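Step one of this worksheet: look at the structure below.
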Protein chains: 4
Amino acid sequence: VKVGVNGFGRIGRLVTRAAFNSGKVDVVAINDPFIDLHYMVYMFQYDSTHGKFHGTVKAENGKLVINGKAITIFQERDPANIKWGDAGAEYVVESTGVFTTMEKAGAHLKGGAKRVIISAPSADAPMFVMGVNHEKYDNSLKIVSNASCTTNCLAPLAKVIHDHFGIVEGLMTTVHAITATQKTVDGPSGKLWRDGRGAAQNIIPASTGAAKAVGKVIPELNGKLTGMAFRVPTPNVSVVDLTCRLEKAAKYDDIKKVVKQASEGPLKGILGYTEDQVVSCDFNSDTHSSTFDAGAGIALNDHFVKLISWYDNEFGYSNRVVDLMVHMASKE
Amino acid sequence: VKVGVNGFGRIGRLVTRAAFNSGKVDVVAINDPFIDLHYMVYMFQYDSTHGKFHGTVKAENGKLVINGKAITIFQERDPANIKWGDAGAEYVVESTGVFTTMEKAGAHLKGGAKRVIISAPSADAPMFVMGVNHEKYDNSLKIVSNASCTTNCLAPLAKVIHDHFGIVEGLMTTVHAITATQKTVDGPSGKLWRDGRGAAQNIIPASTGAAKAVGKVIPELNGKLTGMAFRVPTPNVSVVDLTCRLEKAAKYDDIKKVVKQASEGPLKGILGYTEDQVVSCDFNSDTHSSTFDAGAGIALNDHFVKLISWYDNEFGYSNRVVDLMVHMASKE
Amino acid sequence: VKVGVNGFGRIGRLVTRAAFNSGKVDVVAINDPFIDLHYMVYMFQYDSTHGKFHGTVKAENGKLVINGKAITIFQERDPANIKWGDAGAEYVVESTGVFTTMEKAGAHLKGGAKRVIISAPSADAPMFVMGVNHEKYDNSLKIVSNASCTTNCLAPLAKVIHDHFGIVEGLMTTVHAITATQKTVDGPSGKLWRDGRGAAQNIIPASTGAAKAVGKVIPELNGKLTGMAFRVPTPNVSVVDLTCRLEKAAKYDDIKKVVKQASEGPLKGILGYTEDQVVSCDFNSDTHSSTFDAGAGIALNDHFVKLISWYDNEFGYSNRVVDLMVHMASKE
Amino acid sequence: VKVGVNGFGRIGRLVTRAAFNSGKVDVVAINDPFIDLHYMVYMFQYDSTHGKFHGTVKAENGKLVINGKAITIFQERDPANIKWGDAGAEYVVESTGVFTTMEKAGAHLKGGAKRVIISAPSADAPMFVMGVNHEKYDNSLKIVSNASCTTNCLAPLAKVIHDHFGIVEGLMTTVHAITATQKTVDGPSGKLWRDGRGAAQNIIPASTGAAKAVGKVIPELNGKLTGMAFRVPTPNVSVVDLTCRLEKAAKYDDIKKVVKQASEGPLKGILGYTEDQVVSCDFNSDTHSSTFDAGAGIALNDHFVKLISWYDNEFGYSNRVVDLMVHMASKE
Ligand SMILES: NC(=O)c1ccc[n+]([C@@H]2O[C@H](COP(=O)([O-])OP(=O)(O)OC[C@H]3O[C@@H](n4cnc5c(N)ncnc54)[C@H](O)[C@@H]3O)[C@@H](O)[C@H]2O)c1
Ligand SMILES: NC(=O)c1ccc[n+]([C@@H]2O[C@H](COP(=O)([O-])OP(=O)(O)OC[C@H]3O[C@@H](n4cnc5c(N)ncnc54)[C@H](O)[C@@H]3O)[C@@H](O)[C@H]2O)c1
């Protein structure tokens, strides 16, 4: 599939990188009114957390040339004015974080785009999580959402645990690496006061609808999950801490077994499994949506257990956006 | 009561700092075979996380003089060889971390010390948590433990929640600040492989018996609590994340009501309460053992909730060591 | 003197904090379109790096009440609209960082303000550095600049070294703490690309005109100094690294003696002096503009030396803004 | 050439990694009487700063098998006892940081090894810096030193600048990333009080003989260089800040010209050159010994300049240890 990407931020750049490192889709256009061609070369080439881009990045003839492939560049604030159709872009990845509504994201279709994938939760667009409910997608859906990075980490795990033991209720906490929405020093945040406090100095409590969203991709869990988060001073990689009450008795060993089996089969590449003495950095640039940490979790009894799963909030999610588009194309 | 302190590390120094700013407890002797008199002046005077000491510190005639009070300095590696008696130390704070058992801490009694307070969990010494079970102490106890910093944060909260609603079962996680036990860069730790990884770069999973210990200071909770921890790159101040099942239905507001009332009454100074948009640094040098964060927590339903409480793992605990000694002296 | 402050950011808030601590000036008005009254209470009360404000802060009948004194709050986006005169503000501290020109800062005059102090370098407004050239100010100056935090650290030191030994030429490097202008993760920064890279992960080279500016407050040094900077992942406190060649031979002990005498006399409170084994945190909330670190520096020979001086980039500078206004008032 | 490595710390592991990542040499033995075979697999496989090993690491029959190549493991505490001879270890990399002297390091020769390379400065062993004085090595030298990481960064640059313009005198400052020698929180380090202070919280001044050592690999510069360092909270990658006086007038562009040609010719792979807007992370895992940052430096005049050069203190140096051995082998 030929793809267009709106917004060249962390998500836009990593989705583009994933498209190229994996070769699964072909990026032929990028739109960003604030980042010009030459700056794009720089931002895509050098990455503090994921390293310098493996391949080539040059600006040739007004176009961004990555690994030899020329990419048309646009500078439109209003997506409706982006000529995706002329660039040959069939699918458009909406990653600005500003057009997450069915209506706003629809603006891309007015330029030639056949379909739009919102790289963020949507209030009305149907949300999908690879490995959990992506087969519920059909050709009538012109605008879809790939949910959030945290939802993509919890949903795969929640599905396995619920199918095998039945989740009566659960509460999650995600210890999250600092994000771009945060501030370097105590600054104005207006909406969320705690988010304005110095990121590198604090452990910051924050709200998140990721746990509740899992009830949307896994209907049986609707109303049985919710949680919150703590933003901590690490550049990348976060972890889900799921405390849940199980319906059927489950020894910790059986939980490991069931998850391991899932990571080697139906959820391979999506849900990972490890028993090694890992730490956050061991998952930097890891493409999994969620990686179960056997040794980190702990059970109180056969019905009350705390499960731990890692996720490169940047890389994993970006790869799922590409995997979602591949699945969609196979349904055309 | 005249006090002696063994080990001049973070706790030894902060307990001494807490003592001098307090009043009724006097430090008259300090032992540390690794830190010489002049180095002690430096380490006690300058503190990266708590600021320069407010008062005077000097090296005079071989003694450490703080705020004018001369302190006898010892350099024994064997606690059995410390002459606490000659120096006048009735109570000895055992804070090295390598003499936590009854059999080892008793050594201080050879030099004349009358009672020994272990500033850490003990495998056999009776453990106490101010505000929770300190009333259980009696004059026959010559060696006691003040438990851990994390246990001192969870116990006060657990007591209030259990007294009013009944904790059926709970699982905690403590997002914990960096400790002197970790390494600056990936280094050796043959016992706990994960703790050897770069502290500033990672979110590090770790085991902790703090939750299980609460079942020791609150017998009714024995076997109903356990948890683990995540070490993150912040210099000080940690937070307890308690997910528990309640027996009696409890609206979040009722929980707020009850906790707040406890902090203004029986647990004043021990358990704090706030509804402000706080972050970890707001508890820097806070002397509370635990401070309930009303806005950070969240409930799934009237019987399943996640409670959040802050604690300056260094300052709070150090002040409780002093408070424990004051209580003991009042029972002599 | 009745003072008004525009912009309630790190400096606006710290200048206000500095003002209340010592009744040198009375803040009677504040303006900031991005921070409403209630948010101001929060931002001023809680400070990650300098601690909770010691005193009281509340929102009463539409005014910000600090330590009892009620403060008129304005929310004008345009400086000209701000009715400084009405509220009773003689001097106005221009700390937004956007109106640093003579032309722009003059707008405060159109509102009733008598004098205007720009808390940042100015392209045309006369710049002053307490202890170095503040004696050059006169009643005809309605708009002045207090230079930069780095210039205030280097100038005092440069003056003493030049007065006694003569600086033939010098090059400085300032290892700087992070500022509100940096990003938490690799993000866009059109004018300064390096400044867009993750602040907590990198040592970031940056340009600075602070060294060249010293030639402006000390005319004899015009064209004899320049330098650059390295932004590093520390919340606050920076250090100047001055490498200079001397005209008159100077043993290192002579440099120490000369700096020590200056800090105890004419530059007391401005230029500090220490021989202790200090690190950056030992200067947190230190009100000096520059503190000479005797043990940190090193000389190659009697004419080529490297001098080290610390400065709390936030606190020191904020106090100098207040000291500058006090001096101005004494000249009215 | 077959190699043995004594010490499996940061240096030992990265030298081993470099050996396989290049294939210039072949590691056949590792001696570390403090790290168990299974722990070695873990420490070599997972690396916080350089990522998971891009290969294979098992533990087949008492040996460490990397990329399908078996390595004999030793737990000998006295180098003399190691059987380098039987294993086929022609050269031994002494990287413990303990056996640095000509005699302590000599302990390896008895074990059957032909030559010993000390991965650290030596008080009496001849020191070499690839690209600067490695041609001075001859077959009579059984024990050699590869100097320090900082010396390997400054020497290449100093050689080029001195060769073309003549360095009259210079003073350097190295802004250094966090090292193992440091402590996570204020701890004991009696020799150097400042090195014991919390690494993640401070900018720590430290002494370094790297600048003076350049006078030993470049004799003409003996006594013309010295400097110091600042430890900052970054995991890896450091930068040299060289302020020097030139004999021959040199415009900044002439310096760029000369350094660039040197990086494309005689010093290719050793001295790098860039004009891009780089930051520390852009040099993570960079194998150069030193990379000139054109845009970061600044000149006061044609005879006084500040030159900036980056170096991955871990990776660059480790690769030079391998390059030194390759050169030695070619002289056999
Ligand atoms: N700081 C915290 O977060 C905290 C709070 C709860 C409990 N604790 C407990 O406090 C104890 C120490 O922690 P800390 O942070 O002060 O550690 P440090 O900061 O490790 O302090 C320990 C001190 O013990 C001294 N020491 C070592 N061996 C000795 C010996 N043989 N004789 C005499 N002195 C000796 C050291 O020189 C050092 O100054 C541990 O048992 C720990 O579990 C720590
Ligand atoms: N913190 C330092 O290191 C430091 C010390 C020396 C000088 N300075 C100078 O101080 C100034 C501000 O720096 P800071 O760190 O406090 O920044 P912030 O921390 O960016 O503070 C600026 C404040 O200005 C307000 N503001 C923005 N637009 C405005 C408008 N149109 N009208 C009124 N208020 C507006 C913001 O809401 C914000 O609170 C800059 O010019 C900077 O160069 C900084």
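Structure notes:
- Enumeration of residues in the range C:186-216 that are within 11 Å of chain D (Cβ to nearest Cβ) and among the β-branched types (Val, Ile, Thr): C:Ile203, C:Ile204, C:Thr208
- Contacts under 9 angstrom Cβ, first residue in the range C:147-161 being among the basic types (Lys, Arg), partner assigned to a helix (DSSP H, G or I) and more than 16 Å from ligand 1 (Cβ to nearest atom), 6 or more apart: C:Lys159/C:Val214; C:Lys159/C:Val217; C:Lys159/C:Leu221; C:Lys159/C:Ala262
- Condition met for B:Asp254 (more than 9 Å from every other protein chain (Cβ to nearest Cβ), out of contact with any helix residue (DSSP H, G or I) (no Cβ under 6 Å at 6 or more places or on another chain) and not in a strand (DSSP E or B)): yes
- Residues that are surrounded by fewer than 24 Cβ atoms within 10 Å (Cβ to Cβ) and within 16 Å of ligand 2 (Cβ to nearest atom) were ranked within the range C:286-305; the one that is nearest to the chain's Cα centre (by Cα) is C:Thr287.
- Scan of the range B:10-24 for residues that are closer than 13 Å to B:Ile71 by Cβ and either more than 15 Å from ligand 1 (Cβ to nearest atom) or within 11 Å of chain D (Cβ to nearest Cβ) (or both), ordered by number: B:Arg13, B:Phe20
- Looking across the range A:286-298, the residues that are within 9 Å of another protein chain (Cβ to nearest Cβ) and either of a type in the set (A, V, I, L, M, F, W, C) or in contact with a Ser or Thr (Cβ under 7 Å, 6 or more places away or on another chain) (or both) come down to A:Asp293, A:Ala296, A:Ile298.
- For the range B:83-94, the set of residues classified as farther than 12 Å from B:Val144 by Cα and in contact (Cβ under 8 Å) with a residue 60 or more places away in the chain consists of B:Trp84, B:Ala87, B:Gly88, B:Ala89, B:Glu90, listed by residue number.
- Residue within the range B:191-202 that is in contact (Cβ under 8 Å) with a residue 40 or more places away in the chain, away from ligand 2 (no atom under 16 Å from the Cβ) and not acidic (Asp, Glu) present: no
- Some residue of the range D:266-274 being within 22 Å of D:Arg13 (Cα to Cα), within 11 Å of chain C (Cβ to nearest Cβ) and not basic (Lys, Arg): no
- Where a residue in the range A:40-51 is at the interface with chain D (Cβ under 8 Å from one of its Cβ atoms) and within 18 Å of A:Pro235 (Cβ to Cβ) and its partner, wherever it lies, is part of a helix (DSSP H, G or I) and of a type in the set (S, T, N, Q), with Cβ under 9 Å and at least six apart: A:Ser48/D:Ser280
- Residue count for the range C:29-52, restricted to those that are over 19 Å from A:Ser189 (Cβ atoms) and either within 16 Å of ligand 1 (Cβ to nearest atom) or crowded, with 16+ Cβ neighbours inside 10 Å (or both): 2.
- When C:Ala59 is tested against the conditions (1) within 14 Å of another protein chain (Cβ to nearest Cβ); (2) under 23 Å from the mean Cα position of the chain (by Cα); (3) of a type in the set (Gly, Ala, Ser), the lone failure is (2).
- Of everything in the range B:225-256 that is in contact with a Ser or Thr (Cβ under 8 Å, 6 or more places away or on another chain) and of a type in the set (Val, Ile, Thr), the residue that is farthest from A:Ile203 (Cα to Cα) is B:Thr243.
- Within the range A:306-332, the set of residues being within 14 Å of chain B (Cβ to nearest Cβ), aliphatic (A, V, I, L, M) and surrounded by fewer than 24 Cβ atoms within 10 Å (Cβ to Cβ) comprises A:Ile308 only.
- Whenever a residue of the range C:1-24 is free of Cβ contacts under 8 Å to residues at least 40 places away in the same chain and in the same structural domain as C:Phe53 (by CATH), its partners that are more than 10 Å from ligand 2 (Cβ to nearest atom) and not aliphatic (A, V, I, L, M), lying with C-beta atoms within less than 8 angstrom and at least six residues away or across chains, give the pairs C:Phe8/C:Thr16; C:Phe8/C:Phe44; C:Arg13/C:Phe44; C:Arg13/C:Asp47.
- Residue match in the range C:144-162 (condition: within 14 Å of chain D (Cβ to nearest Cβ), more than 15 Å from ligand 2 (Cβ to nearest atom), under 17 Å from the mean Cα position of the chain (by Cα) and buried (at least 24 other Cβ atoms within 10 Å of the Cβ)): yes
- Number of positions in the range B:171-182 that are within 7 Å of another protein chain (Cβ to nearest Cβ) and not polar (S, T, N, Q): 4
- Checked against the criteria, C:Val65 counts as more than 14 Å from chain B (Cβ to nearest Cβ), hydrophobic (A, V, I, L, M, F, W, C) and more than 16 Å from ligand 1 (Cβ to nearest atom).
- Which numbered condition C:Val168 fails, given (1) within 11 Å of chain D (Cβ to nearest Cβ); (2) free of Cβ contacts under 8 Å to residues at least 60 places away in the same chain; (3) more than 16 Å from ligand 2 (Cβ to nearest atom); (4) closer than 24 Å to C:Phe292 by Cβ: (2)
- Residues that are in a loop (DSSP other than H, G, I, E, B), within 14 Å of chain D (Cβ to nearest Cβ) and in contact (Cβ under 8 Å) with a residue 40 or more places away in the chain within the range C:275-285 comprise just one, C:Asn284.
Every residue, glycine among them, receives a Cβ derived from its backbone with ideal geometry; neighbour counts consider all protein chains shown. What is reported rests on the model, the rules as stated and the sources as named; nothing here is a laboratory result.
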